[PDB]
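Trainee: Just passing along the structure, written as structure tokens.
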């Protein structure tokens with residue numbers, strides 16, 4: 001089997017991407033944030049504290065003839081951005097782009113933090129990291145991909161995120177029309193539960209490539225590119241007037257600037273992030289200070305190849321017995 005679903009930016013900045021997901025019988029379609037940095041499929045629901053729902057579409061398990069309470073199971077998750085959610089668990093039928101999993105754990109939120117409430121466009125998350133990170137207790141649950149894998153034509157999924165445009169998540173096949181050149185594959189460590197890999201270096205604009213190992217994670221659920229402070233300083237030094245602002249929470253730059261590209265290495269291959277992908281717009285409405293899309297990972301404890309990086313590539317998440325990651329230009 002295979003599946004193919006379009007993923008759509010939630011706003012004009014590509015802050016996140018939503019993908020429609022069918023849950024239950026009859027189907028209830030929710031727009032979920034596919035997150036290769038976490039491993040829980042959780043949704044706003046009829047159980048979510050009413051004051052914490054503000055415009056989201058909810059899953060109502062009592063209206064699904066295939067929903068079953070997973071007795072005694074609870075979940076609770078905290079994300080890198082400080083947001084969180086928790087609740088109980090159902091199993092139900094879940095379909096993405098025509099690919100169906102029966103008995104998928106659907107984690108129903110009883111509580112969500114303010115950032116989730118405040119974002120009316122995201123109805124929940126669909127985790128695509130390794131199932132070892134799943135938070136369900138006392139019996140850990142599998143991700144949608146883990147459950148689907150054996151049925152797939154090939155044990156893979158691909159992320160093809162758009163810049164200010166829709167893109168695609170495919171399951172079970174590689175669309176050879178969706179990229180240019182070849183796909184370069186690179187090793188993955190699953191030791192921390194992430195799609196963790198080592199980039200071979202970087203360049204700023206038309207500058208020379210610096211060969212240096214940068215360990216980080218491929219994370220579709222993180223907006224920006226978080227890299228070591230040395231790398232980030234080298235990038236922003238090429239933008240007149242750019243500075244790190246403690247008050248704003250990162251590097252800012254004059255909105256009048258033209259940003260240089262940023263290249264990262266994948267083995268001997270190179271992925272080029274155009275400068276415009278690094279512009280996250282005014283820090284507040286009407287400001288002429290703009291927020292940068294490349295930020296320091298110092299004090300996160302891990303480097304993160306978030307959407308800024310991933311949307312410059314066609315990315316293969318290869319879930320074979322020994323997982324690997326592939327990157328192609330597009």
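Numbers here mean position along the shown chain, with the first residue as 1.
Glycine is treated like the rest: Cβ placed from N, Cα and C.
As annotated by Swiss-Prot, domain 'Peptidase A1' applies to 17-328. Look at Swiss-Prot and you will find 35, 199 tagged as active site. Summarising the annotation, Swiss-Prot assigns disulfide bond to 255-290.
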Trainee: On the three-state reduction of DSSP, what should I expect for residue 255 (disulfide bond)?
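Mentor: Once the DSSP labels are grouped into three classes, residue 255 (disulfide bond) ends up as coil.
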Trainee: For the disulfide-bonded residues listed here (255, 290), which one has the lowest count of neighbouring CB atoms within 10 Å of its own CB?
Mentor: 255
Trainee: Taking the Cβ of residue 199 (active site) as reference, which residues of that chain separated by at least 6 in sequence fall under 8 Å from it?
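Mentor: Long-range Cβ contacts: 213, 214, 215, 216, 264, 265, 266, 305.
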Trainee: Can you grab the distance from residue 290 (disulfide bond) over to residue 35 (active site)? Cα atoms, rounded to a whole Å.
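Mentor: If we compare the Cα positions of residue 290 (disulfide bond) and residue 35 (active site), the gap is 26 Å.
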